[PDB]
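So this block is query-v7.csv, CSV, C-alpha atoms and all ligand atoms:
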chain,number,residue,atom,x,y,z
A,161,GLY,CA,-156.5,129.0,-48.4
A,162,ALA,CA,-155.0,128.7,-44.9
A,163,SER,CA,-157.3,125.8,-43.6
A,164,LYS,CA,-155.3,122.7,-44.6
A,165,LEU,CA,-152.1,124.2,-43.0
A,166,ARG,CA,-153.9,124.6,-39.7
A,167,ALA,CA,-155.0,120.9,-39.8
A,168,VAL,CA,-151.3,119.9,-40.4
A,169,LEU,CA,-150.1,122.0,-37.5
A,170,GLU,CA,-152.9,120.6,-35.3
A,171,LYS,CA,-151.9,117.0,-36.1
A,172,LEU,CA,-148.2,117.8,-35.4
A,173,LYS,CA,-149.1,119.5,-32.1
A,174,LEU,CA,-151.2,116.6,-30.8
A,175,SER,CA,-148.6,114.1,-31.8
A,176,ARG,CA,-145.9,116.0,-29.9
A,177,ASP,CA,-148.2,116.6,-26.8
A,178,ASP,CA,-149.6,113.1,-26.5
A,179,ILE,CA,-148.7,111.2,-23.3
A,180,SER,CA,-145.5,109.1,-23.7
A,181,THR,CA,-143.0,107.3,-21.5
A,182,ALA,CA,-140.1,108.1,-24.0
A,183,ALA,CA,-138.8,111.3,-22.3
A,184,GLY,CA,-138.6,109.3,-19.0
A,185,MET,CA,-136.6,106.5,-20.7
A,186,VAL,CA,-134.3,109.0,-22.3
A,187,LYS,CA,-133.8,110.9,-19.0
A,188,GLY,CA,-132.7,107.8,-17.1
A,189,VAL,CA,-130.1,107.0,-19.7
A,190,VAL,CA,-128.8,110.5,-19.9
A,191,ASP,CA,-128.5,110.9,-16.1
A,192,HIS,CA,-126.6,107.6,-16.0
A,193,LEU,CA,-124.2,108.8,-18.7
A,194,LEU,CA,-123.6,112.2,-17.0
A,195,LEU,CA,-122.8,110.6,-13.7
A,196,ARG,CA,-120.3,108.2,-15.3
A,197,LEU,CA,-118.6,110.9,-17.5
A,198,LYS,CA,-118.3,113.3,-14.5
A,199,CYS,CA,-116.0,110.9,-12.7
A,200,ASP,CA,-113.5,110.8,-15.5
A,201,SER,CA,-110.5,113.0,-15.6
A,202,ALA,CA,-111.4,114.5,-18.9
A,203,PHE,CA,-115.1,115.0,-18.6
A,204,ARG,CA,-115.7,116.2,-15.0
A,205,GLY,CA,-117.1,119.5,-16.2
A,206,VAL,CA,-119.6,117.9,-18.5
A,207,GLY,CA,-123.3,118.8,-18.3
A,208,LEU,CA,-126.5,119.1,-20.4
A,209,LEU,CA,-126.6,122.0,-22.8
A,210,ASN,CA,-130.1,122.8,-21.6
A,211,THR,CA,-131.4,121.3,-18.3
A,212,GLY,CA,-135.1,121.4,-19.3
A,213,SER,CA,-137.3,118.4,-18.8
A,214,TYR,CA,-138.5,118.6,-22.4
A,215,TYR,CA,-135.9,117.1,-24.9
A,216,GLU,CA,-135.0,118.5,-28.3
A,217,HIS,CA,-136.7,116.9,-31.3
A,218,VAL,CA,-134.8,118.1,-34.5
A,219,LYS,CA,-137.1,116.0,-36.7
A,220,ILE,CA,-140.5,117.6,-36.2
A,221,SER,CA,-142.4,114.6,-37.6
A,222,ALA,CA,-140.4,112.0,-35.4
A,223,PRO,CA,-141.5,112.1,-31.8
A,224,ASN,CA,-139.3,109.1,-30.9
A,225,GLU,CA,-136.0,110.7,-32.2
A,226,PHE,CA,-134.3,112.8,-29.5
A,227,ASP,CA,-131.3,115.1,-29.7
A,228,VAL,CA,-129.2,115.9,-26.6
A,229,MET,CA,-126.0,118.0,-26.3
A,230,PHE,CA,-123.3,117.6,-23.6
A,231,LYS,CA,-121.3,120.7,-23.0
A,232,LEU,CA,-117.9,121.1,-21.6
A,233,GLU,CA,-116.5,124.4,-20.5
A,234,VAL,CA,-113.0,125.2,-21.8
A,235,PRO,CA,-111.3,128.2,-20.2
A,236,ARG,CA,-108.7,130.2,-22.0
A,237,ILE,CA,-109.4,128.9,-25.5
A,238,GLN,CA,-107.4,129.9,-28.5
A,239,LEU,CA,-109.1,129.5,-31.9
A,240,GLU,CA,-107.4,129.4,-35.3
A,241,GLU,CA,-109.7,129.6,-38.3
A,242,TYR,CA,-109.2,126.7,-40.6
A,243,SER,CA,-108.5,127.3,-44.3
A,244,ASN,CA,-110.5,130.5,-44.5
A,245,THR,CA,-113.7,128.5,-44.0
A,246,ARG,CA,-115.2,131.1,-41.5
A,247,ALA,CA,-117.1,128.4,-39.5
A,248,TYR,CA,-114.4,125.7,-38.8
A,249,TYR,CA,-111.6,126.2,-36.3
A,250,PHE,CA,-108.6,124.5,-34.7
A,251,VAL,CA,-108.7,124.7,-30.9
A,252,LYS,CA,-105.5,125.7,-29.0
A,253,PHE,CA,-104.7,126.9,-25.5
A,260,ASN,CA,-105.7,121.7,-17.5
A,261,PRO,CA,-107.9,118.6,-17.9
A,262,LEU,CA,-108.1,118.4,-21.7
A,263,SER,CA,-104.3,118.2,-21.9
A,264,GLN,CA,-104.6,114.4,-22.5
A,265,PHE,CA,-106.1,115.0,-26.0
A,266,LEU,CA,-103.5,117.5,-27.4
A,267,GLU,CA,-101.5,116.6,-30.5
A,268,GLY,CA,-98.9,119.4,-30.3
A,269,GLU,CA,-100.8,122.7,-29.5
A,270,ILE,CA,-103.9,121.4,-31.3
A,271,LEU,CA,-106.9,119.8,-29.5
A,272,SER,CA,-107.7,116.5,-31.2
A,273,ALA,CA,-111.5,116.0,-31.7
A,274,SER,CA,-111.1,112.4,-32.9
A,275,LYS,CA,-109.2,111.4,-29.8
A,276,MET,CA,-111.7,113.2,-27.5
A,277,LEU,CA,-114.6,111.5,-29.2
A,278,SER,CA,-112.9,108.0,-29.0
A,279,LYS,CA,-112.8,108.2,-25.1
A,280,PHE,CA,-116.3,109.9,-25.0
A,281,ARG,CA,-117.6,106.9,-27.0
A,282,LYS,CA,-115.6,104.4,-25.0
A,283,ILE,CA,-116.8,105.7,-21.7
A,284,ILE,CA,-120.4,105.7,-22.9
A,285,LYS,CA,-119.9,102.2,-24.4
A,286,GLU,CA,-118.8,100.8,-21.1
A,287,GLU,CA,-121.7,102.4,-19.3
A,288,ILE,CA,-124.4,101.3,-21.7
A,289,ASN,CA,-123.6,97.6,-21.0
A,290,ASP,CA,-123.9,98.3,-17.2
A,291,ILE,CA,-127.6,99.1,-17.7
A,295,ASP,CA,-132.1,98.0,-22.8
A,296,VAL,CA,-129.7,100.3,-24.6
A,297,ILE,CA,-127.5,99.8,-27.6
A,298,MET,CA,-124.9,102.0,-29.3
A,299,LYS,CA,-124.1,102.6,-32.9
A,300,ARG,CA,-121.0,104.3,-34.4
A,301,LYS,CA,-121.5,105.9,-37.8
A,302,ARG,CA,-119.4,108.4,-39.6
A,303,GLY,CA,-120.0,111.5,-37.6
A,304,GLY,CA,-119.0,113.1,-34.4
A,305,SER,CA,-121.8,115.6,-34.1
A,306,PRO,CA,-123.8,113.6,-33.5
A,307,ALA,CA,-121.0,111.7,-31.6
A,308,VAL,CA,-123.2,108.8,-30.5
A,309,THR,CA,-126.7,107.5,-31.4
A,310,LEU,CA,-128.4,105.3,-28.8
A,311,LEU,CA,-131.4,103.1,-29.4
A,312,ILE,CA,-133.9,102.4,-26.6
A,313,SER,CA,-136.3,99.6,-27.2
A,314,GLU,CA,-137.6,99.8,-30.8
A,315,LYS,CA,-138.7,103.3,-31.7
A,316,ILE,CA,-136.7,105.6,-29.3
A,317,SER,CA,-133.4,106.9,-30.6
A,318,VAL,CA,-131.1,109.6,-28.9
A,319,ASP,CA,-128.3,111.5,-30.6
A,320,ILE,CA,-125.7,112.8,-28.2
A,321,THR,CA,-123.4,115.6,-29.3
A,322,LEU,CA,-120.3,116.7,-27.3
A,323,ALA,CA,-119.8,120.5,-27.4
A,324,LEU,CA,-117.1,122.8,-26.1
A,325,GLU,CA,-118.3,126.0,-24.5
A,326,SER,CA,-116.4,129.3,-24.6
A,327,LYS,CA,-117.5,132.4,-22.6
A,328,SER,CA,-115.2,134.6,-24.6
A,329,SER,CA,-116.4,137.0,-27.3
A,330,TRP,CA,-117.7,135.5,-30.5
A,331,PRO,CA,-115.2,134.9,-33.4
A,332,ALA,CA,-114.6,137.6,-35.9
A,333,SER,CA,-116.5,135.8,-38.6
A,334,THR,CA,-119.8,136.6,-36.7
A,335,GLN,CA,-119.1,140.3,-36.4
A,336,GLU,CA,-121.6,141.2,-39.2
A,337,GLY,CA,-124.1,138.3,-38.6
A,338,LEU,CA,-127.2,138.1,-36.4
A,339,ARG,CA,-128.7,141.1,-38.1
A,340,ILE,CA,-131.7,141.4,-35.8
A,341,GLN,CA,-131.3,145.1,-35.1
A,342,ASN,CA,-134.5,146.2,-36.9
A,343,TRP,CA,-136.5,143.3,-35.6
A,344,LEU,CA,-135.4,142.4,-32.1
A,345,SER,CA,-133.4,145.6,-31.5
A,346,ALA,CA,-129.7,146.4,-31.2
A,347,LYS,CA,-130.1,146.2,-27.4
A,348,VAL,CA,-131.0,142.5,-27.7
A,349,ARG,CA,-128.3,141.7,-30.3
A,350,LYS,CA,-125.8,143.0,-27.8
A,351,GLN,CA,-127.2,140.9,-24.9
A,352,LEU,CA,-127.2,137.8,-27.1
A,353,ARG,CA,-123.6,138.3,-28.2
A,354,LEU,CA,-122.5,138.4,-24.6
A,355,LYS,CA,-123.7,134.8,-24.2
A,356,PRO,CA,-121.3,131.9,-24.7
A,357,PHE,CA,-120.7,130.1,-28.0
A,358,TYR,CA,-120.2,126.4,-28.6
A,359,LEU,CA,-117.9,124.3,-30.8
A,360,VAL,CA,-118.8,120.8,-32.1
A,361,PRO,CA,-116.4,118.3,-33.8
A,362,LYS,CA,-117.0,118.5,-37.6
A,363,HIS,CA,-114.8,118.3,-40.8
A,364,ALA,CA,-115.3,120.8,-43.6
A,365,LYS,CA,-115.3,118.3,-46.4
A,371,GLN,CA,-110.2,115.4,-42.6
A,372,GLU,CA,-108.5,117.5,-39.9
A,373,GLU,CA,-109.1,118.2,-36.2
A,374,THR,CA,-111.6,121.0,-36.7
A,375,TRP,CA,-114.6,122.2,-34.8
A,376,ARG,CA,-117.6,124.1,-36.0
A,377,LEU,CA,-119.3,127.0,-34.3
A,378,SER,CA,-122.8,126.2,-32.9
A,379,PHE,CA,-125.4,128.7,-31.8
A,380,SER,CA,-128.4,126.5,-31.1
A,381,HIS,CA,-129.0,128.2,-27.7
A,382,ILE,CA,-129.3,131.6,-29.5
A,383,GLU,CA,-131.8,130.1,-31.9
A,384,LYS,CA,-133.9,128.8,-29.0
A,385,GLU,CA,-133.8,132.1,-27.2
A,386,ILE,CA,-135.0,134.1,-30.2
A,387,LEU,CA,-137.8,131.7,-31.0
A,388,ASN,CA,-139.1,132.0,-27.4
A,389,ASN,CA,-139.0,135.9,-27.6
A,390,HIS,CA,-139.4,136.5,-31.3
A,391,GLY,CA,-141.7,139.6,-31.7
A,392,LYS,CA,-140.9,143.2,-32.5
A,393,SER,CA,-143.5,143.8,-29.8
A,394,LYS,CA,-142.4,142.6,-26.4
A,395,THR,CA,-146.0,141.2,-25.9
A,396,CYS,CA,-146.0,139.1,-29.1
A,397,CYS,CA,-148.0,135.9,-28.6
A,398,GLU,CA,-148.8,136.7,-25.0
A,399,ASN,CA,-152.4,137.5,-26.0
A,400,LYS,CA,-153.0,133.8,-26.5
A,401,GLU,CA,-155.9,134.3,-28.9
A,402,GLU,CA,-154.1,136.7,-31.3
A,403,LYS,CA,-150.7,135.0,-32.0
A,404,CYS,CA,-148.3,135.7,-34.8
A,405,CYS,CA,-147.6,132.8,-37.1
A,406,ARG,CA,-143.8,132.8,-37.0
A,407,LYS,CA,-143.3,129.5,-35.2
A,408,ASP,CA,-146.0,127.8,-37.3
A,409,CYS,CA,-144.3,128.9,-40.5
A,410,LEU,CA,-141.0,127.5,-39.3
A,411,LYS,CA,-142.7,124.2,-38.4
A,412,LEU,CA,-144.3,124.0,-41.8
A,413,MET,CA,-141.0,124.6,-43.5
A,414,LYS,CA,-139.3,122.0,-41.4
A,415,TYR,CA,-142.1,119.5,-42.1
A,416,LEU,CA,-142.0,120.2,-45.9
A,417,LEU,CA,-138.3,119.3,-46.1
A,418,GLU,CA,-138.7,116.2,-43.9
A,419,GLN,CA,-141.6,114.9,-46.0
A,420,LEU,CA,-139.7,115.5,-49.2
A,421,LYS,CA,-136.5,113.8,-47.8
A,422,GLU,CA,-138.6,110.8,-46.8
A,423,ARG,CA,-140.4,110.7,-50.1
A,424,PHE,CA,-137.0,110.5,-51.9
A,425,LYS,CA,-134.8,108.5,-49.5
A,426,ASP,CA,-134.2,106.0,-52.3
A,427,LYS,CA,-132.6,108.7,-54.5
A,428,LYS,CA,-129.7,110.7,-53.1
A,429,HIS,CA,-130.4,114.2,-54.4
A,430,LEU,CA,-131.9,115.5,-51.1
A,431,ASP,CA,-129.3,114.0,-48.8
A,432,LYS,CA,-127.2,117.2,-48.3
A,433,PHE,CA,-130.2,119.3,-47.2
A,434,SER,CA,-131.2,119.5,-43.5
A,435,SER,CA,-133.1,121.7,-41.1
A,436,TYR,CA,-130.2,124.1,-41.0
A,437,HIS,CA,-131.1,125.2,-44.5
A,438,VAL,CA,-134.8,125.7,-43.8
A,439,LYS,CA,-134.2,127.4,-40.4
A,440,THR,CA,-131.7,129.8,-41.9
A,441,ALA,CA,-134.0,130.8,-44.7
A,442,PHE,CA,-136.8,131.4,-42.2
A,443,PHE,CA,-134.7,133.7,-40.0
A,444,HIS,CA,-133.8,135.7,-43.1
A,445,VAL,CA,-137.5,136.2,-43.8
A,446,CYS,CA,-138.0,137.3,-40.2
A,447,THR,CA,-135.3,140.0,-40.8
A,448,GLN,CA,-136.9,140.8,-44.1
A,449,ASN,CA,-140.3,141.2,-42.4
A,450,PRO,CA,-139.7,142.5,-38.9
A,451,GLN,CA,-143.2,143.8,-38.0
A,452,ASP,CA,-145.5,141.6,-36.0
A,453,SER,CA,-148.3,142.7,-38.3
A,454,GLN,CA,-146.5,140.9,-41.2
A,455,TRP,CA,-147.1,137.7,-39.3
A,456,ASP,CA,-150.8,137.9,-38.5
A,457,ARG,CA,-152.2,134.5,-37.6
A,458,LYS,CA,-155.0,135.1,-40.2
A,459,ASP,CA,-152.3,135.2,-42.9
A,460,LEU,CA,-150.8,131.8,-42.1
A,461,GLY,CA,-151.1,130.8,-45.7
A,462,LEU,CA,-149.7,134.0,-47.2
A,463,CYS,CA,-146.9,134.0,-44.6
A,464,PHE,CA,-146.0,130.4,-45.3
A,465,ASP,CA,-145.9,131.3,-49.0
A,466,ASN,CA,-143.4,134.2,-48.4
A,467,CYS,CA,-141.2,131.6,-46.7
A,468,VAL,CA,-141.5,129.0,-49.4
A,469,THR,CA,-140.9,131.7,-52.1
A,470,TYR,CA,-137.8,133.0,-50.4
A,471,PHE,CA,-136.3,129.5,-49.9
A,472,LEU,CA,-136.9,128.9,-53.6
A,473,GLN,CA,-135.1,132.1,-54.6
A,474,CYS,CA,-132.2,130.9,-52.5
A,475,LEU,CA,-132.1,127.5,-54.3
A,476,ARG,CA,-132.2,129.2,-57.7
A,477,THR,CA,-129.5,131.8,-57.0
A,478,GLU,CA,-127.4,129.1,-55.1
A,479,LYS,CA,-127.1,131.6,-52.2
A,480,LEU,CA,-128.1,131.0,-48.6
A,481,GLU,CA,-126.0,133.0,-46.1
A,482,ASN,CA,-125.5,131.5,-42.6
A,483,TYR,CA,-127.4,133.7,-40.2
A,484,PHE,CA,-124.4,134.2,-37.8
A,485,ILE,CA,-121.6,134.1,-40.4
A,486,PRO,CA,-122.7,135.9,-43.5
A,487,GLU,CA,-119.8,134.9,-45.7
A,488,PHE,CA,-120.6,131.2,-45.3
A,489,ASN,CA,-122.9,130.3,-48.2
A,490,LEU,CA,-124.8,127.2,-47.3
A,491,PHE,CA,-125.8,126.8,-50.9
A,492,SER,CA,-122.4,127.1,-52.5
A,493,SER,CA,-121.7,124.6,-55.3
A,494,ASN,CA,-118.9,122.9,-53.3
A,495,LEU,CA,-121.3,122.2,-50.5
A,496,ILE,CA,-124.5,121.3,-52.6
A,497,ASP,CA,-124.2,120.9,-56.3
A,498,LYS,CA,-126.4,122.4,-59.0
A,499,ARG,CA,-128.1,119.1,-59.8
A,500,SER,CA,-129.3,118.7,-56.2
A,501,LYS,CA,-130.5,122.2,-55.8
A,502,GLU,CA,-132.4,122.1,-59.1
A,503,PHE,CA,-134.0,118.9,-58.0
A,504,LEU,CA,-135.3,120.3,-54.7
A,505,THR,CA,-136.6,123.4,-56.6
A,506,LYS,CA,-138.8,121.3,-58.8
A,507,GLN,CA,-140.2,119.2,-55.9
A,508,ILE,CA,-141.1,122.3,-53.9
A,509,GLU,CA,-142.8,124.1,-56.8
A,510,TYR,CA,-144.9,121.0,-57.5
A,511,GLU,CA,-145.9,121.0,-53.9
A,512,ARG,CA,-146.7,124.8,-54.0
A,513,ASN,CA,-148.7,124.4,-57.2
A,514,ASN,CA,-150.7,121.3,-56.0
A,515,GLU,CA,-151.6,122.6,-52.5
A,516,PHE,CA,-148.8,120.7,-50.8
A,517,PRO,CA,-149.7,117.0,-51.2
A,518,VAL,CA,-147.1,115.9,-48.6
A,519,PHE,CA,-149.3,117.7,-46.0
A,520,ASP,CA,-152.0,115.0,-45.9
B,1,LIG,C1,-130.9,130.6,-36.4
B,1,LIG,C2,-130.5,130.1,-37.8
B,1,LIG,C3,-130.1,128.7,-37.9
B,1,LIG,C4,-128.9,128.3,-37.1
B,1,LIG,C5,-128.9,127.7,-35.9
B,1,LIG,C6,-127.7,127.3,-35.2
B,1,LIG,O1,-127.5,126.7,-34.1
B,1,LIG,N1,-126.5,127.7,-35.9
B,1,LIG,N2,-125.2,127.4,-35.5
B,1,LIG,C7,-124.6,127.9,-36.5
B,1,LIG,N3,-123.2,128.0,-36.6
B,1,LIG,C8,-122.5,128.4,-37.8
B,1,LIG,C9,-122.7,127.3,-38.9
B,1,LIG,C10,-123.3,126.1,-38.6
B,1,LIG,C11,-123.6,125.2,-39.6
B,1,LIG,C12,-123.1,125.3,-40.9
B,1,LIG,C13,-123.3,124.3,-41.9
B,1,LIG,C14,-124.5,123.6,-42.0
B,1,LIG,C15,-124.6,122.6,-43.0
B,1,LIG,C16,-123.6,122.3,-43.9
B,1,LIG,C17,-122.5,123.0,-43.8
B,1,LIG,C18,-122.3,124.0,-42.9
B,1,LIG,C19,-122.4,126.5,-41.2
B,1,LIG,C20,-122.2,127.5,-40.2
B,1,LIG,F1,-121.5,128.6,-40.5
B,1,LIG,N4,-125.3,128.4,-37.6
B,1,LIG,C21,-126.5,128.2,-37.1
B,1,LIG,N5,-127.7,128.6,-37.7
B,2,ZN,ZN,-145.5,135.9,-31.8

As structure tokens, please, write out the structure in this file.
Amino acid sequence: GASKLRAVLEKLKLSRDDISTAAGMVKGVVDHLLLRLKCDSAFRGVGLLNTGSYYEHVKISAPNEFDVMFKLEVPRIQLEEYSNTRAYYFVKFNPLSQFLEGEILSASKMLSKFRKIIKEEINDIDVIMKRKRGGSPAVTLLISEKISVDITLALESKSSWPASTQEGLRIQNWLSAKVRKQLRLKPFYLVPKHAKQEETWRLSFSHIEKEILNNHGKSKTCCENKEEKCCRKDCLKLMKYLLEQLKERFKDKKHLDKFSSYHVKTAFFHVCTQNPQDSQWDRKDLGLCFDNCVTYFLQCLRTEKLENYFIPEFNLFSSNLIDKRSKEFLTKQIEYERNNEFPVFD
């Protein structure tokens, strides 16, 4: 059918929409941090990645877990690709001079002061800070009991996208070549991240993702007739929720640890490329459309191939990233869900 899936999406929608003081608590903390960082020599160009009043919830089942990004513009950037990894880069070349080690911008130093400044502002305020191996997210704050906020520091570059993206973002037959060109004129972001430990940064395009999801049809009027939607966004929510529920179901074992929403999002956008017509996403076909997505993700697990949507030579499912045993384990869980009308969805 398609009836149970609607009930799941309705539950998720009402949980997200219900009245809550959490966004206001998060806002007060964030505004406090931004004011403090702006009067520091290294962070005076810092600001929120998106200045909307609705915060980012990466975990679709967790309305008390917030994700925020602080962006810092860096003029005249020089990038050097690290170890042929396509997605990881040294930063070379002003205010960030204090973090150089040679010609190379040190992420770990920059995070240390970012953390320290945030640490000394938290005490000035019911907020607590936790350091855990990371840096993207750089800092996790906890507000009262339930509310948590991940803060990521990102560099912004307004120069052309790196060569590794030249053949990515293959939306030309879905969103048009005109739109691909406008999107590629937008800035790109870099977040501190190791590939496996050097001073490397990873390309981040979460603003492009958000723009496409809000203007996602082949037809420009897609989903504007509010009673005859497409089901693209619902399919992506369902895929996100499937992985989150399986990860929770098996938090005691380790096999699903390396999977994240990047993997589900990526597979979904490949199915959007595969199926560019809005008629392939009719809301009546929610169940069949979700099954296309599930089926494609399962093909990717079995072939151990999932190309990054922006950098096609980066294989998210390579065996050095996620080993065979872990991919084979997620395959069997998903095919049990698929064959039993998704028990995690009730
Ligand atoms: C719209 C499709 C989804 C999407 C959103 C977004 O914001 N971005 N941002 C990049 N940047 C490039 C990039 C990012 C992460 C990883 C990665 C991830 C896990 C493990 C290892 C490596 C590999 C990469 F090549 N890719 C994406 N895809
Ligand atoms: Zn639509």

Q. Taking into account only C-alpha atoms, which residue in the set A:518, A:438, A:431, A:225 is nearest to residue A:496?
A.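 Once distances to residue A:496 are computed over only C-alpha atoms, the minimum belongs to A:431.
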
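Distance annotation: of A:507, A:329, A:389, A:374, the residue with the minimal separation from residue A:272 is A:374; atom set is only C-alpha atoms.
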
Q: Do a neighbour search on residue A:412 at 9 Å with only C-alpha atoms, toss out local chain neighbours closer than 5 positions, and write the hits as number ranges by chain.
A: A: 165, 168-169, 407, 417, 464

Q. Smallest atom-to-atom distance to residue A:231: which of A:210, A:482, A:477, A:175, using all atoms listed in the file?
A.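 The answer is A:210, which sits nearest to residue A:231.
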
Q. Please, which residues have at least one atom within 6 Å of an atom of ligand LIG 1 (chain B), using all atoms listed in the file, listed as a list in words?
A.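 The distance check yields residues 247, 377, 378, 379, 380, 383, 436, 439, 440, 443, 482, 483, 484, 485, 488 and 490 of chain A.
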
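Taking atom CA of residue A:456 as the reference point, atom CA of residue A:411 is found at 15.9 Å.
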
**Q.** Exercise: residue A:486 partners within 12 Å, all atoms listed in the file, chain neighbours under 6 positions left out, as a PyMOL selection string
**A.** chain A and resi 245-247+332-339+440+444+479-480

Q.
Let me make sure I understand: among A:214, A:208, A:243, A:516, which one has the smallest atom-to-atom distance to residue A:365 if we use only C-alpha atoms?
A.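 With only C-alpha atoms as the atom set, the closest residue is A:243.
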
Q | Distance criterion (all atoms listed in the file): nearest to residue A:248 out of A:371, A:473, A:449, A:435 | A |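 The shortest atom-to-atom distance to residue A:248 comes from A:371.
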